[PDB]
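Following: one structure in structure tokens, then a few remarks.
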Ligand SMILES: *[C@@H]1O[C@H](CO)[C@@H](O)[C@H](O)[C@H]1NC(C)=O
């Protein structure tokens, strides 16, 4: 080391510079963090998008079903819709715990 | 640090306020 | 006689003679804008809209933008401000005051 | 404007099956349009439709 101190420092700083340029050049060099953030946000996006599905019920807007049908049949209709949303949220939670 | 700012502005983070309207907010990170 | 009803998102033509009332702003209300039985505060913006339609959807897949059935006017529904409560509390023996 | 509250009130209706929505709730929702298909059928096949 003491035979090559200045050379070591020079190489070190040139390496710092090449790191600067390599990072600032392309986005996909930093890939793991982008992978994790995209996976989480995309899973959450699928979760929130799932609310648009009627799951076999009359519609997806719950308030529309409340306005349309009577409680003695809104019972079964909302039962189907809630069990569907519950299943979707449950699989989301399990995959969230996996990650 | 200098490299840190490159890294911050190179990661794009997320509609987002529409999620808050349906319960599933994002809790703030502690640190 | 069979009365076939195609309830959907469209210009409201025929419905019951329930008494209408004027609007309010910055106060969340249990509005019913021709089946749109949601809740929230009503504001305005500068956005465009179809000449005849009454519904404005979002990525969350719910009605966000509305046109009044009486006077054609652009309205923004933002559901009444809400969040969650976090009861910060020390050990029960330590104290009974909670933040 | 349709007085769907009072149309239901006529006791002549012997087979009143509202598969779409509950009868008393006909009053609130606003219909995009409406089909009114009228005819007369046999007394036996009243519930085949
Ligand atoms: C009473 O509260 C104090 C608060 O620190 C705690 O240390 C103590 O253990 C409590 N007493 C009992 C009997 O648990």
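Protein chains in written order, with the deposited numbering: chain Y, 909 to 1007; chain P, 809 to 822, 842 to 858; chain B, 511 to 609; chain Z, 362 to 410.
C-beta atoms are modelled at their ideal positions from N, C-alpha and C, and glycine is treated no differently.
On a Cα-Cα basis, can you pick out the residue from the options that is closest to residue i?
i, options, result
"residue 1003 of chain Y", "Y/914, Y/950 and Y/978", "Y/950"
"residue 367 of chain Z", "Z/387, Z/397, Z/410 and Z/400", "Z/387"
"residue 956 of chain Y", "B/587, B/569 and B/552", "B/569"
"residue 1001 of chain Y", "Y/910, Y/988 and Y/948", "Y/948"
"residue 997 of chain Y", "Y/962, Y/964, Y/954 and Y/972", "Y/954"
"residue 399 of chain Z", "B/542, B/521 and B/514", "B/514"
"residue 587 of chain B", "B/529, B/536 and B/512", "B/536"
"residue 815 of chain P", "Y/911, Y/910, Y/988 and Y/940", "Y/940"
"residue 393 of chain Z", "B/512, B/555 and B/523", "B/523"
"residue 527 of chain B", "Z/363, Z/382 and Z/408", "Z/363"
"residue 540 of chain B", "Y/971, Y/1005, Y/984 and Y/994", "Y/971"
"residue 848 of chain P", "B/517, B/543, B/549 and B/521", "B/549"
"residue 531 of chain B", "B/578, B/609, B/516 and B/589", "B/578"
"residue 980 of chain Y", "Z/407, Z/382 and Z/406", "Z/382"
"residue 379 of chain Z", "B/603, B/512, B/559 and B/571", "B/512"
"residue 538 of chain B", "B/592, B/518 and B/608", "B/592"
"residue 563 of chain B", "B/584, B/590, B/599 and B/595", "B/584"
"residue 582 of chain B", "B/604, B/551, B/559 and B/590", "B/559"
"residue 999 of chain Y", "Y/933, Y/937, Y/952 and Y/989", "Y/952"
"residue 556 of chain B", "B/543, B/576 and B/571", "B/576"
"residue 937 of chain Y", "P/850, P/818 and P/857", "P/818"
"residue 991 of chain Y", "Y/1007, Y/925 and Y/963", "Y/963"
"residue 521 of chain B", "Z/391, Z/384 and Z/370", "Z/391"
Name the DSSP bridge partner or partners of residue i?
i, result
"residue 553 of chain B", "B/586"
"residue 566 of chain B", "B/575"
"residue 989 of chain Y", "According to DSSP, residue 989 of chain Y bridges with nothing at all."
"residue 397 of chain Z", "B/513"
"residue 559 of chain B", "According to DSSP, which records beta bridges pairwise, residue 559 of chain B is partnered with nothing at all."
"residue 392 of chain Z", "B/524"
Drop a sphere of 10 angstroms on the beta-carbon of residue i, count the other beta-carbons inside from all chains shown, and report buried for 16 or more, exposed for fewer.
i, result
"residue 966 of chain Y", "buried"
"residue 567 of chain B", "exposed"
"residue 403 of chain Z", "exposed"
"residue 820 of chain P", "exposed"
"residue 973 of chain Y", "buried"
"residue 545 of chain B", "buried"
"residue 547 of chain B", "buried"
"residue 944 of chain Y", "exposed"
"residue 910 of chain Y", "exposed"
"residue 601 of chain B", "exposed"
"residue 810 of chain P", "exposed"
"residue 929 of chain Y", "exposed"
"residue 994 of chain Y", "exposed"
"residue 984 of chain Y", "exposed"
"residue 976 of chain Y", "buried"
"residue 915 of chain Y", "exposed"
"residue 534 of chain B", "exposed"
"residue 574 of chain B", "buried"
"residue 969 of chain Y", "buried"
"residue 982 of chain Y", "buried"
"residue 365 of chain Z", "buried"
"residue 565 of chain B", "buried"
"residue 844 of chain P", "exposed"
Kindly examine ligand 2 and report whether one of its heavy atoms sits closer than 8 Å to the Cβ of residue i.
i, result
"residue 949 of chain Y", "Looking at this structure, you won't find ligand 2 anywhere; what it does contain is ligand 1."
(message) Any residue with its Cβ nearer than 5 Å to a heavy atom of ligand 1 should be included. What is that list in chain order?
(response) B/603 and B/604
(request) Please go through the segment 515–554 of chain B and give each complete beta strand (DSSP E) segment of 3 or more residues, from N-terminal end onward. (result) 551–553
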